[PDB]
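Only one structure is covered here, and it is reproduced in the block below.
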Amino acid sequence: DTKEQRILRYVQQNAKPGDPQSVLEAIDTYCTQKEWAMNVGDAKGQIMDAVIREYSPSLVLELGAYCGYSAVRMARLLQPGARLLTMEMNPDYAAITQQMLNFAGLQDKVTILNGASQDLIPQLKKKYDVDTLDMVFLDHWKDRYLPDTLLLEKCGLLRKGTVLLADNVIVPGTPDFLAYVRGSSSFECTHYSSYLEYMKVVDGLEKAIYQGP
Ligand SMILES: C[S@@+](CC[C@H](N)C(=O)[O-])C[C@H]1O[C@@H](n2cnc3c(N)ncnc32)[C@H](O)[C@@H]1O
Ligand SMILES: CC(=O)C(=Cc1cc(O)c(O)c([N+](=O)[O-])c1)C(C)=O
Ligand SMILES: [Mg+2]
């Protein structure tokens, strides 16, 4: 099997069905003790929790689902009737993510879209009945953060106050995205210093709030 199958199996055997907190704890234990994996992790996850709680977004778009750790993290804090859309182009990972959300009991709040964000974002309004997004979590391949931010803008999916929250702006780093949003009057930016998941390596999240065109 794969590392991602092993993470899912560990959750199934070390967490409680319908208990998202125990799912997060099981993933973080497995990835600390056994196999590193690119989940946002508990240190940066706590910052995300604080952001989600501050904004109480009704519609969140996640770019990059992997095994479902950040989808579980965010969906467990969504208010009743709020929703998360998560885009994941790797079908093996999308299948793991669905099973992770099912185990956590959060599947009614999350819709997985299997495809590439650059192909799916232009379809959100017509095919997925989106007006504008309240919050976007960018955590896919780092060279896509800037192109997809610009694409979300072009597609009319950002409104004044939409929160963009970007993982890994230090490691691996997203230099063009970071320079662009920090230099742009269309975004108000804040940096949240933290640590790379499961490692004593400095990383950080960037929050970029859209200000309109
Ligand atoms: C860092 S992992 C996501 C981790 C997840 N957000 C978490 O914290 O649990 C990055 C993911 O982005 C996916 N990916 C990369 N480029 C993508 C794209 N253009 N569209 C959709 N998914 C993409 C990869 O297949 C991978 O699963
Ligand atoms: C390239 C890679 O795998 C590494 C970290 C990483 C961490 C993330 O949090 C993340 O989202 C992504 N990503 O490529 O999407 C990657 C390292 C340290 O090698
Ligand atoms: Mg990441």
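Throughout, residue positions are numbered sequentially from 1 according to the sequence presented. Counting starts at 1 for both ligands and their atoms, in listed order. Values below: every heavy atom of this structure, side chains too, minus hydrogens, waters and symmetry copies.
Ligand 2 places these atoms under 4.0 Å from at least one heavy atom of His140: 15 (O). Residue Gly115 has at least one heavy-atom neighbour below 4.0 Å for each of these atoms of ligand 1: 20 (N), 21 (C). Set against the non-hydrogen atoms of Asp139, the atoms of ligand 2 under 4.0 Å away are 11 (O). Of all atoms in ligand 1, numbered sequentially from 1 with element shown, those under 4.0 Å from a heavy atom of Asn90 are 25 (O).
If you check which protein heavy atom lies closest to atom 20 (N) of ligand 1, you get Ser117 N, 2.9 Å. Annotation: atom 22 (N) of ligand 1 to nearest protein heavy atom, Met89 N, 3.2 Å. The protein non-hydrogen atom at the shortest distance from atom 16 (C) of ligand 2 is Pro172 CG, 3.8 Å. Looking only at heavy atoms of the protein, atom 14 (N) of ligand 1 is closest to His140 CB, 3.8 Å. Nearest protein neighbour of atom 10 (C) of ligand 2, counting heavy atoms only, is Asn168 OD1, 3.2 Å. Shortest contact from atom 7 (C) of ligand 2 to any protein heavy atom: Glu197 OE2, 3.2 Å. What sits closest to atom 8 (O) of ligand 1 on the protein, heavy atoms only, is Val40 N, 2.8 Å. Among protein heavy atoms, the minimum distance from atom 15 (O) of ligand 2 is reached at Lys142 NZ, 3.2 Å. With hydrogens left out, the protein atom closest to atom 18 (C) of ligand 2 is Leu196 CD2, 4.2 Å, a heavy atom.
In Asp167, the N, O or S atom that comes nearest to the Mg ion (ligand 3) is OD2.
When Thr97, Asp139, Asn168, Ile96 are checked for heavy-atom proximity to atom 6 (N) of ligand 1, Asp139 turns out nearest. Of the candidates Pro147, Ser70, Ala71, the one placing a heavy atom closest to atom 7 (C) of ligand 1 is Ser70.
Side chains of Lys3 and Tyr30: no donor on one and acceptor on the other come within 3.5 Å.
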Criterion side chain to side chain contact (heavy atoms under 4.5 Å, CB included) on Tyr66 and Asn90, from CA distance to verdict: CA-CA 8 Å; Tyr66 190 44; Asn90 181 319; over 6 Å; no
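Using a 4.0 Å cut-off between heavy atoms, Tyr66 contacts ligand 1 through both its backbone and its side chain. Residue contacts with ligand 1, taken as heavy atom pairs separated by less than 4.0 Å, involve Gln118 solely via side-chain atoms from C-beta onward. Contacts between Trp36 and ligand 2, counted as non-hydrogen atom pairs separated by less than 4.0 Å, involve the side chain only.
The angle subtended at the Mg ion (ligand 3) by OD1 of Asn168 and OD1 of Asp139 is 90°, given to the nearest 10°.
Residue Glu197: no N/O/S atom is found under 2.8 Å from the Mg ion (ligand 3). The Mg ion (ligand 3) has no N, O or S atom of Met38 closer than 2.8 Å.
With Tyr145 contributing its side chain and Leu138 its backbone, the two residues share a donor-acceptor pair below 3.5 Å.
Other residues, nucleotides and ligands contribute over 12 non-hydrogen atoms within 6.0 Å of the NZ atom of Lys125.
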